[PDB]
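Chemist: So I've got this file, my_file_24.txt, and it contains compact mmCIF, N, CA and C atoms:
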# COMPACT_ATOMS: atom_id res chain seq x y z
N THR Z 2 -2.19 -53.43 3.30
CA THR Z 2 -1.54 -53.32 1.93
C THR Z 2 -0.37 -54.34 1.80
N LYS Z 3 0.03 -54.65 0.57
CA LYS Z 3 1.20 -55.52 0.31
C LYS Z 3 2.45 -55.02 1.05
N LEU Z 4 2.68 -53.70 0.97
CA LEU Z 4 3.80 -53.10 1.70
C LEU Z 4 3.67 -53.22 3.18
N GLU Z 5 2.47 -53.02 3.72
CA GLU Z 5 2.29 -53.24 5.18
C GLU Z 5 2.48 -54.72 5.60
N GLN Z 6 2.09 -55.67 4.75
CA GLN Z 6 2.38 -57.04 5.00
C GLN Z 6 3.88 -57.31 5.10
N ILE Z 7 4.66 -56.71 4.19
CA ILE Z 7 6.12 -56.88 4.28
C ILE Z 7 6.71 -56.21 5.48
N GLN Z 8 6.20 -55.02 5.80
CA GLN Z 8 6.66 -54.36 7.00
C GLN Z 8 6.40 -55.21 8.22
N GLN Z 9 5.21 -55.80 8.26
CA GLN Z 9 4.84 -56.63 9.40
C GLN Z 9 5.77 -57.84 9.55
N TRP Z 10 6.04 -58.47 8.41
CA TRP Z 10 6.93 -59.64 8.35
C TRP Z 10 8.30 -59.25 8.88
N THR Z 11 8.76 -58.09 8.41
CA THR Z 11 10.07 -57.57 8.82
C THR Z 11 10.12 -57.41 10.36
N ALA Z 12 9.10 -56.78 10.92
CA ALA Z 12 9.03 -56.61 12.37
C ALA Z 12 8.92 -57.92 13.13
N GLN Z 13 8.11 -58.83 12.63
CA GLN Z 13 7.97 -60.14 13.24
C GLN Z 13 9.23 -60.99 13.25
N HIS Z 14 10.12 -60.74 12.29
CA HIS Z 14 11.40 -61.40 12.20
C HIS Z 14 12.53 -60.61 12.83
N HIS Z 15 12.21 -59.52 13.50
CA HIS Z 15 13.18 -58.76 14.26
C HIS Z 15 14.28 -58.24 13.31
N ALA Z 16 13.89 -57.94 12.09
CA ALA Z 16 14.80 -57.40 11.08
C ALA Z 16 14.83 -55.88 11.15
N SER Z 17 16.01 -55.31 11.02
CA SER Z 17 16.13 -53.90 10.90
C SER Z 17 15.56 -53.33 9.61
N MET Z 18 15.64 -54.15 8.57
CA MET Z 18 15.13 -53.74 7.26
C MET Z 18 15.09 -54.97 6.40
N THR Z 19 14.28 -54.87 5.34
CA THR Z 19 14.22 -55.83 4.25
C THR Z 19 14.68 -55.14 2.98
N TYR Z 20 15.60 -55.77 2.25
CA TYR Z 20 16.15 -55.22 1.00
C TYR Z 20 15.63 -56.09 -0.11
N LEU Z 21 14.71 -55.58 -0.94
CA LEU Z 21 14.11 -56.32 -2.08
C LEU Z 21 14.83 -55.92 -3.36
N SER Z 22 15.29 -56.94 -4.07
CA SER Z 22 16.08 -56.77 -5.31
C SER Z 22 15.51 -57.49 -6.50
N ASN Z 23 14.56 -58.40 -6.32
CA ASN Z 23 14.05 -59.21 -7.43
C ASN Z 23 13.14 -58.31 -8.28
N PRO Z 24 13.49 -58.12 -9.57
CA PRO Z 24 12.62 -57.22 -10.36
C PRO Z 24 11.16 -57.73 -10.37
N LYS Z 25 10.94 -59.03 -10.31
CA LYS Z 25 9.54 -59.58 -10.26
C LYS Z 25 8.85 -59.16 -9.00
N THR Z 26 9.57 -59.12 -7.86
CA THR Z 26 8.97 -58.66 -6.63
C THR Z 26 8.66 -57.17 -6.70
N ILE Z 27 9.58 -56.36 -7.23
CA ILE Z 27 9.36 -54.94 -7.34
C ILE Z 27 8.16 -54.65 -8.27
N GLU Z 28 8.06 -55.41 -9.33
CA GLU Z 28 6.89 -55.25 -10.25
C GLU Z 28 5.62 -55.61 -9.50
N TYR Z 29 5.65 -56.70 -8.77
CA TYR Z 29 4.45 -57.12 -8.01
C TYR Z 29 4.00 -56.04 -7.02
N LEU Z 30 4.93 -55.34 -6.41
CA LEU Z 30 4.61 -54.36 -5.38
C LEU Z 30 4.31 -52.96 -5.93
N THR Z 31 4.82 -52.67 -7.11
CA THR Z 31 4.68 -51.31 -7.69
C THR Z 31 4.09 -51.22 -9.10
N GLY Z 32 4.05 -52.31 -9.86
CA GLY Z 32 3.74 -52.20 -11.29
C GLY Z 32 4.87 -51.77 -12.21
N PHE Z 33 6.06 -51.52 -11.62
CA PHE Z 33 7.21 -51.13 -12.42
C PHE Z 33 7.87 -52.39 -12.92
N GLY Z 34 7.85 -52.59 -14.22
CA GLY Z 34 8.22 -53.86 -14.77
C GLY Z 34 9.63 -53.76 -15.26
N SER Z 35 10.43 -54.78 -14.94
CA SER Z 35 11.82 -54.79 -15.42
C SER Z 35 12.49 -56.16 -15.47
N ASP Z 36 13.67 -56.15 -16.06
CA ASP Z 36 14.42 -57.35 -16.37
C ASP Z 36 15.73 -57.18 -15.61
N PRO Z 37 16.51 -58.26 -15.46
CA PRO Z 37 17.80 -58.14 -14.75
C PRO Z 37 18.67 -57.08 -15.39
N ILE Z 38 19.25 -56.22 -14.57
CA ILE Z 38 20.11 -55.15 -15.04
C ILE Z 38 21.47 -55.25 -14.33
N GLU Z 39 22.49 -54.66 -14.96
CA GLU Z 39 23.75 -54.55 -14.25
C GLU Z 39 23.64 -53.48 -13.17
N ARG Z 40 22.80 -52.47 -13.36
CA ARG Z 40 22.66 -51.42 -12.36
C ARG Z 40 21.82 -51.87 -11.15
N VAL Z 41 21.62 -50.97 -10.22
CA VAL Z 41 21.06 -51.33 -8.92
C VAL Z 41 19.67 -50.73 -8.79
N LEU Z 42 18.66 -51.58 -8.65
CA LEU Z 42 17.27 -51.22 -8.38
C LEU Z 42 16.84 -51.97 -7.13
N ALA Z 43 16.36 -51.25 -6.13
CA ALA Z 43 15.99 -51.90 -4.87
C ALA Z 43 14.81 -51.23 -4.27
N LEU Z 44 14.11 -51.98 -3.44
CA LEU Z 44 12.99 -51.48 -2.64
C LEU Z 44 13.27 -51.86 -1.19
N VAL Z 45 13.44 -50.88 -0.32
CA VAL Z 45 13.85 -51.08 1.07
C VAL Z 45 12.68 -50.84 1.97
N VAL Z 46 12.40 -51.82 2.80
CA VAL Z 46 11.23 -51.80 3.67
C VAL Z 46 11.72 -51.89 5.14
N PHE Z 47 11.10 -51.08 6.02
CA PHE Z 47 11.45 -51.04 7.42
C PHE Z 47 10.29 -51.53 8.23
N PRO Z 48 10.59 -51.92 9.46
CA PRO Z 48 9.50 -52.46 10.28
C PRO Z 48 8.57 -51.41 10.83
N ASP Z 49 9.04 -50.18 10.90
CA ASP Z 49 8.34 -49.15 11.65
C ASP Z 49 8.39 -47.75 11.03
N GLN Z 50 8.66 -47.69 9.73
CA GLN Z 50 8.73 -46.40 9.03
C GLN Z 50 8.61 -46.65 7.55
N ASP Z 51 8.49 -45.58 6.77
CA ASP Z 51 8.18 -45.66 5.38
C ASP Z 51 9.34 -46.27 4.57
N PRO Z 52 8.95 -46.97 3.49
CA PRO Z 52 9.96 -47.56 2.60
C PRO Z 52 10.51 -46.54 1.62
N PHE Z 53 11.46 -46.96 0.81
CA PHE Z 53 11.91 -46.15 -0.31
C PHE Z 53 12.35 -47.08 -1.44
N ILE Z 54 12.37 -46.56 -2.65
CA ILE Z 54 12.95 -47.23 -3.80
C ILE Z 54 14.26 -46.53 -4.16
N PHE Z 55 15.26 -47.30 -4.58
CA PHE Z 55 16.54 -46.79 -5.05
C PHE Z 55 16.75 -47.31 -6.46
N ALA Z 56 17.07 -46.44 -7.43
CA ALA Z 56 17.08 -46.80 -8.81
C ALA Z 56 18.05 -45.99 -9.59
N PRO Z 57 18.42 -46.43 -10.81
CA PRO Z 57 19.16 -45.54 -11.71
C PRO Z 57 18.35 -44.29 -11.99
N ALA Z 58 19.04 -43.15 -12.08
CA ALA Z 58 18.40 -41.85 -12.25
C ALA Z 58 17.37 -41.81 -13.39
N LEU Z 59 17.66 -42.48 -14.48
CA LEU Z 59 16.74 -42.42 -15.60
C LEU Z 59 15.49 -43.26 -15.42
N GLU Z 60 15.49 -44.18 -14.46
CA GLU Z 60 14.31 -44.97 -14.22
C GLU Z 60 13.37 -44.26 -13.22
N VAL Z 61 13.83 -43.23 -12.51
CA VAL Z 61 13.05 -42.60 -11.47
C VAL Z 61 11.69 -42.14 -11.95
N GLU Z 62 11.69 -41.53 -13.12
CA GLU Z 62 10.41 -41.01 -13.67
C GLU Z 62 9.34 -42.06 -13.80
N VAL Z 63 9.64 -43.13 -14.53
CA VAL Z 63 8.66 -44.16 -14.75
C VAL Z 63 8.29 -44.85 -13.42
N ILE Z 64 9.22 -44.98 -12.48
CA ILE Z 64 8.87 -45.47 -11.11
C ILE Z 64 7.86 -44.54 -10.39
N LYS Z 65 8.13 -43.23 -10.40
CA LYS Z 65 7.17 -42.34 -9.76
C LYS Z 65 5.80 -42.32 -10.46
N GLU Z 66 5.77 -42.54 -11.78
CA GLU Z 66 4.52 -42.59 -12.52
C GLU Z 66 3.65 -43.78 -12.19
N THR Z 67 4.18 -44.71 -11.41
CA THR Z 67 3.34 -45.82 -10.94
C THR Z 67 2.35 -45.44 -9.84
N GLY Z 68 2.54 -44.27 -9.24
CA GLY Z 68 1.76 -43.88 -8.08
C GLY Z 68 2.44 -44.10 -6.75
N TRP Z 69 3.66 -44.63 -6.79
CA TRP Z 69 4.35 -45.04 -5.62
C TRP Z 69 4.42 -43.77 -4.80
N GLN Z 70 3.97 -43.92 -3.55
CA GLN Z 70 3.70 -42.82 -2.63
C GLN Z 70 4.88 -42.44 -1.77
N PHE Z 71 6.00 -43.15 -1.94
CA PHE Z 71 7.11 -42.95 -1.06
C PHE Z 71 8.33 -42.51 -1.86
N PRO Z 72 9.42 -42.17 -1.16
CA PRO Z 72 10.58 -41.68 -1.92
C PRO Z 72 11.17 -42.65 -2.96
N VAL Z 73 11.65 -42.05 -4.03
CA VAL Z 73 12.45 -42.71 -5.05
C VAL Z 73 13.73 -41.94 -5.21
N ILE Z 74 14.85 -42.60 -4.95
CA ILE Z 74 16.15 -42.02 -4.91
C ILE Z 74 16.93 -42.54 -6.09
N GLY Z 75 17.43 -41.64 -6.91
CA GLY Z 75 18.20 -42.04 -8.04
C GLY Z 75 19.68 -41.90 -7.89
N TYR Z 76 20.38 -42.61 -8.73
CA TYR Z 76 21.83 -42.48 -8.79
C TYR Z 76 22.30 -42.44 -10.21
N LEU Z 77 23.42 -41.70 -10.40
CA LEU Z 77 24.05 -41.55 -11.71
C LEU Z 77 25.08 -42.62 -11.93
N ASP Z 78 25.41 -42.86 -13.20
CA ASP Z 78 26.11 -44.07 -13.65
C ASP Z 78 27.46 -44.28 -12.95
N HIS Z 79 28.11 -43.18 -12.55
CA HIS Z 79 29.44 -43.28 -11.97
C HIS Z 79 29.46 -43.08 -10.44
N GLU Z 80 28.29 -42.92 -9.85
CA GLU Z 80 28.16 -42.82 -8.39
C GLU Z 80 28.22 -44.22 -7.75
N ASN Z 81 28.47 -44.32 -6.44
CA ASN Z 81 28.50 -45.60 -5.72
C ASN Z 81 27.10 -45.90 -5.14
N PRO Z 82 26.34 -46.82 -5.76
CA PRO Z 82 24.97 -47.02 -5.33
C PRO Z 82 24.88 -47.60 -3.91
N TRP Z 83 25.87 -48.41 -3.51
CA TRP Z 83 25.83 -49.02 -2.22
C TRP Z 83 25.99 -48.01 -1.09
N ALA Z 84 26.92 -47.08 -1.30
CA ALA Z 84 27.12 -46.01 -0.32
C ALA Z 84 25.90 -45.14 -0.24
N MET Z 85 25.28 -44.88 -1.38
CA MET Z 85 24.10 -44.04 -1.39
C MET Z 85 22.89 -44.71 -0.74
N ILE Z 86 22.70 -46.01 -0.96
CA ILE Z 86 21.64 -46.73 -0.28
C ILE Z 86 21.89 -46.69 1.20
N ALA Z 87 23.14 -46.94 1.58
CA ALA Z 87 23.46 -46.97 3.01
C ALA Z 87 23.22 -45.58 3.62
N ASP Z 88 23.57 -44.50 2.90
CA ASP Z 88 23.32 -43.17 3.39
C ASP Z 88 21.82 -42.96 3.63
N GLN Z 89 20.96 -43.44 2.74
CA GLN Z 89 19.50 -43.34 2.92
C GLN Z 89 19.07 -44.06 4.20
N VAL Z 90 19.64 -45.24 4.46
CA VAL Z 90 19.32 -46.01 5.66
C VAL Z 90 19.81 -45.28 6.91
N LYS Z 91 21.04 -44.79 6.86
CA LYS Z 91 21.61 -44.02 7.97
C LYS Z 91 20.84 -42.72 8.25
N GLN Z 92 20.31 -42.06 7.22
CA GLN Z 92 19.46 -40.85 7.39
C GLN Z 92 18.17 -41.15 8.12
N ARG Z 93 17.72 -42.42 8.03
CA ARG Z 93 16.48 -42.87 8.61
C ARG Z 93 16.74 -43.47 10.00
N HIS Z 94 17.93 -43.22 10.51
CA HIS Z 94 18.32 -43.60 11.88
C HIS Z 94 18.35 -45.07 12.12
N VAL Z 95 18.72 -45.84 11.09
CA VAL Z 95 18.84 -47.26 11.18
C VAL Z 95 20.28 -47.67 11.04
N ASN Z 96 20.78 -48.40 12.04
CA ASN Z 96 22.08 -49.05 11.98
C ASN Z 96 21.74 -50.51 11.92
N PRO Z 97 21.70 -51.08 10.70
CA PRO Z 97 21.05 -52.40 10.61
C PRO Z 97 21.78 -53.54 11.26
N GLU Z 98 21.01 -54.36 11.95
CA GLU Z 98 21.52 -55.60 12.50
C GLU Z 98 21.03 -56.71 11.59
N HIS Z 99 19.93 -57.39 11.89
CA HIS Z 99 19.44 -58.41 10.98
C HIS Z 99 18.81 -57.76 9.78
N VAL Z 100 19.24 -58.18 8.58
CA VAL Z 100 18.73 -57.70 7.29
C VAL Z 100 18.17 -58.86 6.50
N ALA Z 101 16.93 -58.76 6.02
CA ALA Z 101 16.34 -59.77 5.16
C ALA Z 101 16.57 -59.39 3.71
N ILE Z 102 16.89 -60.41 2.93
CA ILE Z 102 17.11 -60.27 1.48
C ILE Z 102 16.35 -61.40 0.75
N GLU Z 103 16.24 -61.33 -0.55
CA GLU Z 103 15.65 -62.34 -1.40
C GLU Z 103 16.83 -63.20 -1.87
N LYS Z 104 17.17 -64.18 -1.06
CA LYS Z 104 18.41 -64.93 -1.29
C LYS Z 104 18.38 -65.77 -2.53
N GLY Z 105 17.22 -66.19 -3.02
CA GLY Z 105 17.16 -66.95 -4.25
C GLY Z 105 17.56 -66.18 -5.48
N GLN Z 106 17.51 -64.86 -5.42
CA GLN Z 106 17.80 -63.99 -6.55
C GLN Z 106 19.06 -63.15 -6.34
N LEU Z 107 19.33 -62.64 -5.15
CA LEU Z 107 20.39 -61.64 -4.96
C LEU Z 107 21.75 -62.31 -5.11
N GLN Z 108 22.62 -61.72 -5.89
CA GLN Z 108 23.95 -62.22 -6.08
C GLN Z 108 24.83 -61.93 -4.87
N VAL Z 109 25.72 -62.86 -4.55
CA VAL Z 109 26.61 -62.76 -3.40
C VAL Z 109 27.32 -61.40 -3.39
N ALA Z 110 27.87 -60.98 -4.56
CA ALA Z 110 28.69 -59.77 -4.58
C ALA Z 110 27.87 -58.57 -4.13
N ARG Z 111 26.56 -58.56 -4.45
CA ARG Z 111 25.73 -57.46 -4.12
C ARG Z 111 25.39 -57.46 -2.65
N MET Z 112 25.03 -58.62 -2.09
CA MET Z 112 24.89 -58.72 -0.66
C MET Z 112 26.11 -58.20 0.04
N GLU Z 113 27.29 -58.61 -0.38
CA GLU Z 113 28.52 -58.18 0.29
C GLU Z 113 28.74 -56.70 0.13
N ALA Z 114 28.47 -56.15 -1.04
CA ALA Z 114 28.68 -54.70 -1.24
C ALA Z 114 27.79 -53.89 -0.33
N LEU Z 115 26.57 -54.31 -0.18
CA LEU Z 115 25.63 -53.70 0.76
C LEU Z 115 26.11 -53.84 2.18
N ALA Z 116 26.50 -55.07 2.59
CA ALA Z 116 26.92 -55.32 3.95
C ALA Z 116 28.15 -54.46 4.33
N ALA Z 117 29.06 -54.27 3.39
CA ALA Z 117 30.30 -53.49 3.64
C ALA Z 117 30.02 -52.09 4.07
N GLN Z 118 28.86 -51.56 3.81
CA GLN Z 118 28.56 -50.15 4.13
C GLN Z 118 28.06 -49.96 5.54
N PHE Z 119 27.80 -51.04 6.26
CA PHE Z 119 27.23 -51.03 7.61
C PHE Z 119 28.17 -51.61 8.63
N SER Z 120 28.01 -51.26 9.91
CA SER Z 120 29.07 -51.65 10.84
C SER Z 120 29.11 -53.13 11.16
N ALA Z 121 27.96 -53.75 11.40
CA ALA Z 121 27.97 -55.20 11.68
C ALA Z 121 26.59 -55.78 11.45
N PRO Z 122 26.18 -55.81 10.21
CA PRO Z 122 24.87 -56.39 9.88
C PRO Z 122 24.93 -57.92 9.83
N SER Z 123 23.78 -58.55 9.86
CA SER Z 123 23.67 -60.01 9.83
C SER Z 123 22.63 -60.41 8.78
N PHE Z 124 23.05 -60.99 7.66
CA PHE Z 124 22.15 -61.35 6.58
C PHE Z 124 21.73 -62.80 6.76
N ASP Z 125 20.96 -63.04 7.81
CA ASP Z 125 20.56 -64.38 8.20
C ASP Z 125 19.06 -64.60 8.01
N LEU Z 126 18.43 -63.74 7.24
CA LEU Z 126 16.99 -63.82 6.98
C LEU Z 126 16.69 -63.84 5.47
N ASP Z 127 15.77 -64.70 5.03
CA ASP Z 127 15.43 -64.91 3.64
C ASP Z 127 13.94 -64.69 3.53
N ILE Z 128 13.56 -63.70 2.73
CA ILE Z 128 12.15 -63.40 2.47
C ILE Z 128 11.63 -64.07 1.19
N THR Z 129 12.48 -64.89 0.56
CA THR Z 129 12.12 -65.54 -0.72
C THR Z 129 10.77 -66.27 -0.62
N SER Z 130 10.63 -67.14 0.38
CA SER Z 130 9.43 -67.95 0.52
C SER Z 130 8.20 -67.09 0.82
N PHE Z 131 8.34 -66.10 1.72
CA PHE Z 131 7.24 -65.19 2.09
C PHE Z 131 6.70 -64.44 0.81
N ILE Z 132 7.63 -63.92 0.01
CA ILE Z 132 7.24 -63.22 -1.21
C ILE Z 132 6.56 -64.23 -2.16
N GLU Z 133 7.08 -65.45 -2.26
CA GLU Z 133 6.55 -66.51 -3.16
C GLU Z 133 5.06 -66.76 -2.85
N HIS Z 134 4.72 -66.76 -1.55
CA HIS Z 134 3.36 -67.09 -1.06
C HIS Z 134 2.38 -65.96 -1.03
N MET Z 135 2.83 -64.73 -1.19
CA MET Z 135 1.91 -63.65 -1.48
C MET Z 135 2.01 -63.40 -3.01
What would the structure in this file look like if it were written as structure tokens?

Modeler:
Amino acid sequence: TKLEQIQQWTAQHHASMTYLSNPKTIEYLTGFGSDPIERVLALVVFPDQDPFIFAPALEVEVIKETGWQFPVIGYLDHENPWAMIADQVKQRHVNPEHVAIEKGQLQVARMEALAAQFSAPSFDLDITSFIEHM
């Protein structure tokens, strides 16, 4: 599957997780279509366990209606999405070291907000090209 291909890539690159933020990538993987938002929509993939989607609470319904077989975690407008994403990762027993992101799309401030929630991650991996070629 497309998701298993990403998981495999993640494992082959010795990444603790892949954080997908490009709405075009999320649409490609799920059918959930969207445009750039100020809020936080992400799809987190691990090398050796199930992925999850993190989204604004009101988008959860239409995301689950895609058939997506894995968790969808919502957040409310005044909650801290970065802390909540990190809590999901920490619940899954991951203390991330190398993290892959879509560097061509992800804004610096968002990478940093994510990184601040973890003890010593390394954002030295770019999945932009891999996603481009599938």

Chemist: Quick one: distance from atom CA of residue Z:102 to atom CA of residue Z:60 in Å, one decimal?

Modeler: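 Spanning atom CA of residue Z:102 to atom CA of residue Z:60 is a straight-line distance of 22.1 Å.
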
Chemist: Interatomic distance between atom N of residue Z:89 and atom CA of residue Z:111?

Modeler: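 So the answer is 16.3 Å.
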
Chemist: With only C-alpha atoms as the basis for distance, which of Z:78, Z:7, Z:70, Z:37 is at the shortest distance from residue Z:57?

Modeler: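 The shortest atom-to-atom distance to residue Z:57 comes from Z:78.
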
Chemist: Rank Z:9, Z:43, Z:51, Z:25 by their smallest atom-to-atom distance to residue Z:93, using only C-alpha atoms, and report the top residue only.

Modeler: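 Smallest distance to residue Z:93 is found for Z:51.
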
Chemist: With distances taken over all atoms listed in the file, which of Z:3, Z:56, Z:49, Z:84 is nearest to residue Z:29?

Modeler: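 Result for the nearest residue to residue Z:29: Z:3.
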
Chemist: For the atom pair atom C of residue Z:39 and atom C of residue Z:87, what is the interatomic distance in Å to one decimal place?

Modeler: 18.6 Å

Chemist: Enumerate as a PyMOL selection string all residues of stretch 47-113 of chain Z assigned to alpha helix (DSSP H) by DSSP on the backbone, naming them with the chain letters and numbers the document uses.

Modeler: chain Z and resi 61-65+82-92+109-113

Chemist: Let's have the selection written as a compact mmCIF listing (two decimals), in the frame of the given file, with N, CA and C atoms.

Modeler:
# COMPACT_ATOMS: atom_id res chain seq x y z
N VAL Z 61 13.83 -43.23 -12.51
CA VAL Z 61 13.05 -42.60 -11.47
C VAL Z 61 11.69 -42.14 -11.95
N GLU Z 62 11.69 -41.53 -13.12
CA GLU Z 62 10.41 -41.01 -13.67
C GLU Z 62 9.34 -42.06 -13.80
N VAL Z 63 9.64 -43.13 -14.53
CA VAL Z 63 8.66 -44.16 -14.75
C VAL Z 63 8.29 -44.85 -13.42
N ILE Z 64 9.22 -44.98 -12.48
CA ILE Z 64 8.87 -45.47 -11.11
C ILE Z 64 7.86 -44.54 -10.39
N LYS Z 65 8.13 -43.23 -10.40
CA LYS Z 65 7.17 -42.34 -9.76
C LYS Z 65 5.80 -42.32 -10.46
N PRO Z 82 26.34 -46.82 -5.76
CA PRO Z 82 24.97 -47.02 -5.33
C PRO Z 82 24.88 -47.60 -3.91
N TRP Z 83 25.87 -48.41 -3.51
CA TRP Z 83 25.83 -49.02 -2.22
C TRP Z 83 25.99 -48.01 -1.09
N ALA Z 84 26.92 -47.08 -1.30
CA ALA Z 84 27.12 -46.01 -0.32
C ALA Z 84 25.90 -45.14 -0.24
N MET Z 85 25.28 -44.88 -1.38
CA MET Z 85 24.10 -44.04 -1.39
C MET Z 85 22.89 -44.71 -0.74
N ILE Z 86 22.70 -46.01 -0.96
CA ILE Z 86 21.64 -46.73 -0.28
C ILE Z 86 21.89 -46.69 1.20
N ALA Z 87 23.14 -46.94 1.58
CA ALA Z 87 23.46 -46.97 3.01
C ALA Z 87 23.22 -45.58 3.62
N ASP Z 88 23.57 -44.50 2.90
CA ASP Z 88 23.32 -43.17 3.39
C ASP Z 88 21.82 -42.96 3.63
N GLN Z 89 20.96 -43.44 2.74
CA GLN Z 89 19.50 -43.34 2.92
C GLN Z 89 19.07 -44.06 4.20
N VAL Z 90 19.64 -45.24 4.46
CA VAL Z 90 19.32 -46.01 5.66
C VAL Z 90 19.81 -45.28 6.91
N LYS Z 91 21.04 -44.79 6.86
CA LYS Z 91 21.61 -44.02 7.97
C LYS Z 91 20.84 -42.72 8.25
N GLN Z 92 20.31 -42.06 7.22
CA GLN Z 92 19.46 -40.85 7.39
C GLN Z 92 18.17 -41.15 8.12
N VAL Z 109 25.72 -62.86 -4.55
CA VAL Z 109 26.61 -62.76 -3.40
C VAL Z 109 27.32 -61.40 -3.39
N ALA Z 110 27.87 -60.98 -4.56
CA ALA Z 110 28.69 -59.77 -4.58
C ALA Z 110 27.87 -58.57 -4.13
N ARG Z 111 26.56 -58.56 -4.45
CA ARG Z 111 25.73 -57.46 -4.12
C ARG Z 111 25.39 -57.46 -2.65
N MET Z 112 25.03 -58.62 -2.09
CA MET Z 112 24.89 -58.72 -0.66
C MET Z 112 26.11 -58.20 0.04
N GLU Z 113 27.29 -58.61 -0.38
CA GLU Z 113 28.52 -58.18 0.29
C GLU Z 113 28.74 -56.70 0.13

Chemist: Restricting the calculation to only C-alpha atoms, which member of Z:33, Z:98, Z:14, Z:108 is positioned closest to residue Z:65?

Modeler: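 For residue Z:65, the nearest of the candidates is Z:33.
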
Chemist: In the coordinate frame of the file, compute which residues have an atom within 8 Å of (22.7, -48.9, 10.4) when using only N, CA and C atoms, and state them as a PDB file with N, CA and C atoms, keeping the file's coordinate frame.

Modeler:
ATOM      1  N   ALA Z  87      23.140 -46.940   1.580  1.00  0.00           N
ATOM      2  CA  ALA Z  87      23.460 -46.970   3.010  1.00  0.00           C
ATOM      3  C   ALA Z  87      23.220 -45.580   3.620  1.00  0.00           C
ATOM      4  N   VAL Z  90      19.640 -45.240   4.460  1.00  0.00           N
ATOM      5  CA  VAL Z  90      19.320 -46.010   5.660  1.00  0.00           C
ATOM      6  C   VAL Z  90      19.810 -45.280   6.910  1.00  0.00           C
ATOM      7  N   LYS Z  91      21.040 -44.790   6.860  1.00  0.00           N
ATOM      8  CA  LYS Z  91      21.610 -44.020   7.970  1.00  0.00           C
ATOM      9  C   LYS Z  91      20.840 -42.720   8.250  1.00  0.00           C
ATOM     10  N   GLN Z  92      20.310 -42.060   7.220  1.00  0.00           N
ATOM     11  CA  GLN Z  92      19.460 -40.850   7.390  1.00  0.00           C
ATOM     12  C   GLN Z  92      18.170 -41.150   8.120  1.00  0.00           C
ATOM     13  N   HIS Z  94      17.930 -43.220  10.510  1.00  0.00           N
ATOM     14  CA  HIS Z  94      18.320 -43.600  11.880  1.00  0.00           C
ATOM     15  C   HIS Z  94      18.350 -45.070  12.120  1.00  0.00           C
ATOM     16  N   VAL Z  95      18.720 -45.840  11.090  1.00  0.00           N
ATOM     17  CA  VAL Z  95      18.840 -47.260  11.180  1.00  0.00           C
ATOM     18  C   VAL Z  95      20.280 -47.670  11.040  1.00  0.00           C
ATOM     19  N   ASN Z  96      20.780 -48.400  12.040  1.00  0.00           N
ATOM     20  CA  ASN Z  96      22.080 -49.050  11.980  1.00  0.00           C
ATOM     21  C   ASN Z  96      21.740 -50.510  11.920  1.00  0.00           C
ATOM     22  N   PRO Z  97      21.700 -51.080  10.700  1.00  0.00           N
ATOM     23  CA  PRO Z  97      21.050 -52.400  10.610  1.00  0.00           C
ATOM     24  C   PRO Z  97      21.780 -53.540  11.260  1.00  0.00           C
ATOM     25  N   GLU Z  98      21.010 -54.360  11.950  1.00  0.00           N
ATOM     26  CA  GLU Z  98      21.520 -55.600  12.500  1.00  0.00           C
ATOM     27  C   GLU Z  98      21.030 -56.710  11.590  1.00  0.00           C
ATOM     28  N   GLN Z 118      28.860 -51.560   3.810  1.00  0.00           N
ATOM     29  CA  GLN Z 118      28.560 -50.150   4.130  1.00  0.00           C
ATOM     30  C   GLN Z 118      28.060 -49.960   5.540  1.00  0.00           C
ATOM     31  N   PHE Z 119      27.800 -51.040   6.260  1.00  0.00           N
ATOM     32  CA  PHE Z 119      27.230 -51.030   7.610  1.00  0.00           C
ATOM     33  C   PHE Z 119      28.170 -51.610   8.630  1.00  0.00           C
ATOM     34  N   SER Z 120      28.010 -51.260   9.910  1.00  0.00           N
ATOM     35  CA  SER Z 120      29.070 -51.650  10.840  1.00  0.00           C
ATOM     36  C   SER Z 120      29.110 -53.130  11.160  1.00  0.00           C
ATOM     37  N   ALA Z 121      27.960 -53.750  11.400  1.00  0.00           N
ATOM     38  CA  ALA Z 121      27.970 -55.200  11.680  1.00  0.00           C
ATOM     39  C   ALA Z 121      26.590 -55.780  11.450  1.00  0.00           C
ATOM     40  N   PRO Z 122      26.180 -55.810  10.210  1.00  0.00           N
ATOM     41  CA  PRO Z 122      24.870 -56.390   9.880  1.00  0.00           C
ATOM     42  C   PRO Z 122      24.930 -57.920   9.830  1.00  0.00           C
TER      43      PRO Z 122
END

Chemist: I'd like to know which residues of chain Z are strand (DSSP E) (by DSSP, run on the backbone); could you write them as an NGL selection string?

Modeler: :Z and (18-21 or 43-46 or 53-57 or 73-76 or 99-102 or 123-127)

Chemist: Tell me, as a ChimeraX atom specification, which residues lie within 6 Å of stretch 15-22 of chain Z, counting only N, CA and C atoms; anything in the same chain fewer than 6 positions away does not count.

Modeler: /Z:42-48,97-103

Chemist: Nearest residue to residue Z:34 out of Z:12, Z:64, Z:54, Z:114, using only C-alpha atoms?

Modeler: Z:64

Chemist: I want to know what sits within 8 Å of residue Z:105, based on all atoms listed in the file, with residues of the same chain fewer than 4 positions away left out; could you give that as a compact mmCIF listing (two decimals) with N, CA and C atoms, in the frame of the given file?

Modeler:
# COMPACT_ATOMS: atom_id res chain seq x y z
N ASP Z 127 15.77 -64.70 5.03
CA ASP Z 127 15.43 -64.91 3.64
C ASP Z 127 13.94 -64.69 3.53
N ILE Z 128 13.56 -63.70 2.73
CA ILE Z 128 12.15 -63.40 2.47
C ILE Z 128 11.63 -64.07 1.19
N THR Z 129 12.48 -64.89 0.56
CA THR Z 129 12.12 -65.54 -0.72
C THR Z 129 10.77 -66.27 -0.62
N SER Z 130 10.63 -67.14 0.38
CA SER Z 130 9.43 -67.95 0.52
C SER Z 130 8.20 -67.09 0.82

Chemist: Taking into account all atoms listed in the file, which residue in the set Z:107, Z:115, Z:4, Z:38 is nearest to residue Z:83?

Modeler: Z:115
